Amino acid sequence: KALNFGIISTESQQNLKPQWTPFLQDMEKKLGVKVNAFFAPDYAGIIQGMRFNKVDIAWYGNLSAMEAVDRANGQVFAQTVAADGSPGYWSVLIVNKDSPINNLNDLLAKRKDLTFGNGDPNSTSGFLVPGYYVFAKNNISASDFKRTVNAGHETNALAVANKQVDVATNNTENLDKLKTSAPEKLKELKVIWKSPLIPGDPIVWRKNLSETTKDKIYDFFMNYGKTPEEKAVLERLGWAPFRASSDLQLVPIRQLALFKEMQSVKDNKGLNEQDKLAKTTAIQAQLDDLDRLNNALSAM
């Protein structure tokens, strides 16, 4: 009967509950069923919950949604939209305002002496996007820093603010939620690198939900936001009304995942040729498929 709604650990539950509870209470009123929040210590807990039918619908990032579609019987059906009109969000590297580091060059030059707060291994902005553009494209490794730990966006931002880690990954959403959870902390941060645009986060359901359940859920998302009270709830989440979506929104993250695999395989001093060819062509086939799909979407 009750629905379980998975919420990724971008922030503490303490900070998430006040944004999410009124939304899930509105969902309950409209679906006529109980809706329970499902949290986990990392993104993998939501994906695994969905794989085992313990999570029915979830808010994911694009990378964790990709893994849920591939591994957890997931399907995207809606996309979040920034309340401020931004067309997606961006990944960043942050250091403290008192750091003499001002750009990626200065960072990489001193990496052996600096501690690094990397993201959740399933985070688009926390892990994959800096993982390709900062590390892979520079032929370096998070292991090349003095010390590295993985943590969620809120933990990383506060550790940099609090001078507990020298640099960390983060994102522009999470930085804006600092204006709420922790404002004098935002003033202690300085962005030294910003990614290309990342698409807005998907909402995903498990494909084995009934037809009538999906229709009710989809109607709820597509129509949410039409009243004053729903507008106020979206505003607190940092969102405008949702957009219809599909697994096609994941293409640029699939591409980025294969690009990282490619830049890795090609920077790999430890394969021969019969075998750097075989692996290169297998990743290339997949990239070609996504390029052709993109060409098709463009020409529609």
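The numbering used is simple: start at 1 and walk along the sequence shown.
Averaged over Cα atoms, the B-factor as recorded in the entry is higher for 26-34 than for the other of 51-59 and 26-34. Stretches 179-187 and 159-167 differ in mean C-alpha B factor, with the higher average recorded for 179-187. Which of 120, 154, 211, 173 has the largest Cα B-factor in the deposited entry comes down to 211. Of the candidates 96, 148, 105, 79, the one whose C-alpha carries the top B factor in the deposited record is 148. Per the PDB record, residue ranking by Cα B-factor puts residue 278 in the highest third of the chain. Placement of the Cα temperature factor of residue 270 within the chain: highest third of the modelled residues, per the deposited record.
For residue 73, the recorded CA temperature factor ranks within the middle third of the chain's modelled residues. Per the deposited record, the Cα B-factor of residue 241 falls in the lowest third when ranked against the other modelled residues of its chain.
Residue 111: CA B factor lies in the middle third for its chain, per the PDB record.
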